[PDB]
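Close look at the chain arrangement
So you can see what is in the structure, the chains are spelled out below.
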Amino acid sequence: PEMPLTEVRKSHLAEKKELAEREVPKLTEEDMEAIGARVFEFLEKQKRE
Amino acid sequence: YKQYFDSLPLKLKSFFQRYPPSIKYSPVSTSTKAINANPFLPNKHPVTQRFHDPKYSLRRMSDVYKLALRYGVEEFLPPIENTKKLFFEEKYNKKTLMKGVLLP
Amino acid sequence: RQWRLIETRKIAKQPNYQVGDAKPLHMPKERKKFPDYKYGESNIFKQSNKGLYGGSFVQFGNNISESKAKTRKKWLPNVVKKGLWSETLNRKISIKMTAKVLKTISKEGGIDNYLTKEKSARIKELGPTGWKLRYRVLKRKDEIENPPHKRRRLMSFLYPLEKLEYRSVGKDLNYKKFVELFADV
RNA sequence: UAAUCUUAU
RNA sequence: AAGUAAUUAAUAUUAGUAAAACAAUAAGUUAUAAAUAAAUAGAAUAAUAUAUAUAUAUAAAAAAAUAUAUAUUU
RNA sequence: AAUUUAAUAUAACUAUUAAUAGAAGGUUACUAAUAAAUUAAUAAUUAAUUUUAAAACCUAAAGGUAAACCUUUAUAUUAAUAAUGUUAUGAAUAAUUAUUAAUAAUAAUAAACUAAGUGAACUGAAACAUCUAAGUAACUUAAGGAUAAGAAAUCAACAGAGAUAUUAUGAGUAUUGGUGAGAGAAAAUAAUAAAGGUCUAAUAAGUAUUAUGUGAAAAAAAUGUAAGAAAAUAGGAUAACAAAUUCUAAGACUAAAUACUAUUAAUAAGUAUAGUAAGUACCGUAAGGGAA
Ligand SMILES: [Mg+2]
Ligand SMILES: [Mg+2]
Ligand SMILES: [Mg+2]
Ligand SMILES: [Mg+2]
Ligand SMILES: [Mg+2]
Ligand SMILES: [Mg+2]
Ligand SMILES: [Mg+2]
Ligand SMILES: [Mg+2]
Ligand SMILES: [Mg+2]
Ligand SMILES: [Mg+2]
Ligand SMILES: [Mg+2]
Ligand SMILES: [Mg+2]
Ligand SMILES: [Mg+2]
Ligand SMILES: [Mg+2]
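Residues numbered from 1 in each chain as written, not as in the entry; some residues may be left out. Chains lettered and ligands numbered in written order. Part of a larger assembly, values for the part shown. Heavy atoms only, no water.

Judging from the entry metadata, cryo-EM is the method by which this structure was determined, and 3.75 Å is the reported resolution.

1. A closer look at the interface of chain A and chain B
Each partner contributes residues to the interface: chain A has 18 residues there, and chain B has 23 residues. Summing both sides of the interface, chain A and chain B together bury roughly 1900 Å²; the carbon and sulfur share of this comes to 68%. Three residues stand out in chain A for area buried against chain B, namely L27, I35 and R38 of chain A, and they jointly supply 26% of the buried area on that side. Along the contact surface separating chain A from chain B lie three salt bridges. (Contact = heavy atoms within 4.5 Å. Buried area = accessible area lost by both parts, 1.4 Å probe. Salt bridge = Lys/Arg side-chain N within 4 Å of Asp/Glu carboxyl O.)

2. Brief notes about the packing of helix α2 (residues 10-18) of chain B against helix α3 (residues 58-71) of chain B
Residues and elements named next belong to chain B. With their axes 9 Å apart at the nearest point, α2 and α3 run at an angle of 105° to one another. What the angle tells us is that α2 and α3 run roughly perpendicular. Touching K11, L12 and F15 of α2 are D63, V64, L67 and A68, all from α3. Here the contact of α2 with α3 is built from residues that sort into five nonpolar, no polar and two charged. (Axes fitted to C-alpha atoms, helices over the stretch in contact; angles between N-to-C directions. Helix = DSSP H or I, 4+ residues; strand = E, 2+ residues; numbered from the N terminus. Parallel < 35°, antiparallel > 145°, perpendicular 65-115°, else oblique. Nonpolar A, V, L, I, M, F, W, Y, C, P; charged D, E, K, R; others polar.)

3. Concerning the interface of chain C and chain A
Chain C puts 12 residues into the contact, and the matching count from chain A is eight residues. Carbon and sulfur atoms make up 70% of the area that chain C and chain A hide from each other, which totals about 830 Å². If you sort the residues of chain C by the area they bury against chain A, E118, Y135 and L138 of chain C come out on top, with a joint share of 47%. Counting every contact that joins chain C to chain A gives one salt bridge. Of the charged contacts, one joins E145 of chain C and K10 of chain A as a salt bridge, the two residues approaching to 3.5 Å between their closest N and O atoms. Our count for the contact surface shared by chain C and chain A stands at one residue pair in polar contact. Broken down by element, the side of chain C that touches chain A gets its largest block of residues, six residues, from helix α5 (residues 128-145) of chain C. Split into classes, the residues belonging to the side of chain C that touches chain A amount to five nonpolar, one polar and six charged. (Polar contact = N/O pair within 3.5 Å; in protein donor to acceptor, adjacent residues only side chain to side chain.)

4. Focus on the pattern of salt bridges
Evaluation of the coordinates by the stated rule reveals 10 salt bridges over all chains. A salt bridge links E29 of chain A to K2 of chain B; the nearest nitrogen and oxygen atoms lie 2.9 Å apart. Of this pair, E29 of chain A sits in helix α2 (residues 29-48) while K2 of chain B sits in helix α1 (residues 2-7), each in a different chain. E29 of chain A sits in the partly exposed class, given a relative accessible area of 42%. Exposure remark for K2 of chain B: the relative accessible area of 39% places this residue in the partly exposed category. A salt bridge links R122 of chain C to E125 of chain C; the nearest nitrogen and oxygen atoms lie 4.0 Å apart. On the criterion of helical spacing, the pair formed by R122 of chain C and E125 of chain C is a turn pair, its members being three residues apart in helix α4 (residues 120-125). For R122 of chain C, a relative accessible area of 6% translates into the label buried. Members of the salt-bridge network, linked through shared partners, are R1, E108, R122 and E125 of chain C. (Buried < 20%, exposed > 50% of the residue type's maximum accessible area, 1.4 Å probe, protein only.)

Here it is as structure tokens:
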């Protein structure tokens with residue numbers, strides 16, 4: 001038989017559930033494009049110098 | 001641009017995926033529950049009032065920063081001000097010489 | 001500190017048994033009463049399986065003289081028999097403890113509290129006995145918190161009718177069997 | 001003497 | 001039925017390359033400078049030691065020791 | 001058409017490399033059998049995949065026992081019916097047979113490799129006592145196909161790296177030793193290697209640290225006894241202190257290169273006394289030894 005969860009463990013579980021419920025940070029296409037453009041600019045600058 | 005982004009090293013790419021640059025993360029230590037909580041800083045948990053260790057441990061953070069420096073993608077990473085690490089030319093310039101060097 | 005002599009221990013990984021699968025050759029008679037303790041049961045200082053030793057195993061080392069003539073000695077922990085009060089169980093529980101463990105108990109403010117601390121370190125330095133004690137306490141706490149309603153009679157009412165129905169078809173039906181049938185329902 | 005410990009039922 | 005093998009070090013002979021060799025991914029080992037416990041020292045100011053370098057000593061020499069120099073570096 | 005040479009077998013072991021995978025003995029008998037399906041490709045077929053029958057007794061752990069035997073009673077109850085004969089007053093009580101439903105059972109399981117516990121001595125030091133042999137042999141326990149380790153309270157040195165494992169150089173260098181016998185790193189650079197990072201923790205206290213007793217020949221992290229902190233404004237790291245630097249313990253997961261066994265393939269300046277029998281004959285009360 002599985003051992004029951006103590007108070008602290010339950011509270012931690014609840015916190016984890018709350019965290020999951022919130023909207024997750026996800027890397028957008030736009031952000032990637034912005035990064036990629038900046039990388040390209042950096043490469044161009046390196047080539048120049 | 002997308003292809004150039006993809007060509008970035010793996011660790012850096014992974015970091016960008018899981019802590020994206022749209023969110024302006026805090027310079028100072030924050031609540032662990034916060035959305036803008038910096039993964040490089042030790043954030044305090046609001047209930048227990050204990051400082052959690054940084055989500056990216058210090059070595060990993062340093063590696064990520066060096067990768068960003070290499071590919072010119074520093075400002076898209078969250079700030080490393082209040083983490084005590086400086087890097088390369090900035091570190092060289094900003095540092096005070098040791099007491100032993102200046103005053104033997 | 002570390003818990004090397006505890007967390008080194010490995011136990012045979014039991015395969016998860018599906019309801020429709022074939023039996024193992026040796027199935028036990030009486031069922032498992034307690035949960036499985038992650039770190040098994042100590043196979044060295046078996047003295048400590050019976051008590052709350054706080055992960056304090058016997059050391060072996062060297063008696064060394066003025067001549068540096070090394071001779072093997074052992075260093076036992078300061079074990080002590082101690083009947084300490086459980087608030088949850090409403091009885092005092094007598095066990096072997098290290099003096100260190102007794103000190104920790106005193107610091108934490110009770111024996112139940114010591115048992116139920118959620119940290120992994122505590123779990124490691126609980127014994128199998130300590131794990132069983134913890135389970136007993138935790139289960140009791142859960143019962144106190146949450147009584148069943150906050151069904152048996154209905155079952156008792158239906159049972160004789162069910163038996164009669166069975167008899168009318170042709171077969172006899174015993175309670176235990178009825179209980180077994182209508183556990184999940 | 002509800003520190004400890006020994007015995008008997 | 002009895003001087004064998006492995007990992008090393010020092011000599012010798014030959015063969016390859018040679019002020020370089022082995023290796024070529026870099027790194028390393030040996031050589032190319034002698035000393036000194038060690039240190040920030042180290043080889044003709046106008047030539048053979050009568051000069052120079054180092055260690056002792058010293059203002060700098062001398063003094064003991066070893067090493068370095070007389071078209072081409074060994 | 002035959003002969004020869006080289007290679008290949010159900011039919012050798014050994015070493016290496018590569019690839020793949022993690023596996024029944026005995027005893028004597030009322031002897032311990034099998035049946036099928038689907039799918040290609042040339043009705044029978046061979047091959048692949050799947051299902052299915054039987055299978056005694058012994059091999060610690062149903063209960064015994066002097067292994068291959070004995071005793072338990074699943075060709076059992078308990079109940080419900082049906083058929084039969086007897087007892088006492090259509091109904092009741094026991095027995096036998098035949099259906100239906102309900103109730104439990106079968107450890108022969110590797111060895112090597114791994115981790116943990118305890119831990120010698122001969123021996124070396126030309127003696128021997130610290131030291132060595134050596135955390136070796138051995139015994140004991142526990143796991144998995146591997147285990148262990150592993151994403152820095154790590155190294156380094158003001159420049160930097162940026163997980164663990166194995167090997168080469170570093171280097172027999174630093175280091176250490178009755179400064180004897182002898183023992184001996186790390187950084188760094190290369191390979192091998194896999195996608196190698198990633199949260200699972202409400203961020204860790206009788207914990208760090210201290211005293212003391214022990215503790216891998218150098219280099220600690222451990223540990224019995226007892227005192228015992230701090231919040232990132234902090235904490236760990238070096239005799240010590242000051243500066244600086246670096247990392248975040250007391251919560252976790254992890255392929256891969258590796259070890260061992262077996263199989264298959266290939267290569268043998270290997271074996272015919274390292275070439276298949278036999279762990280037999282025989283020796284011993286026994287553990288055990290062991291032929292031709
Ligand atoms: Mg002088
Ligand atoms: Mg048996
Ligand atoms: Mg008898
Ligand atoms: Mg061992
Ligand atoms: Mg001797
Ligand atoms: Mg003698
Ligand atoms: Mg030793
Ligand atoms: Mg593992
Ligand atoms: Mg050794
Ligand atoms: Mg922590
Ligand atoms: Mg912490
Ligand atoms: Mg100590
Ligand atoms: Mg940590
Ligand atoms: Mg692990």
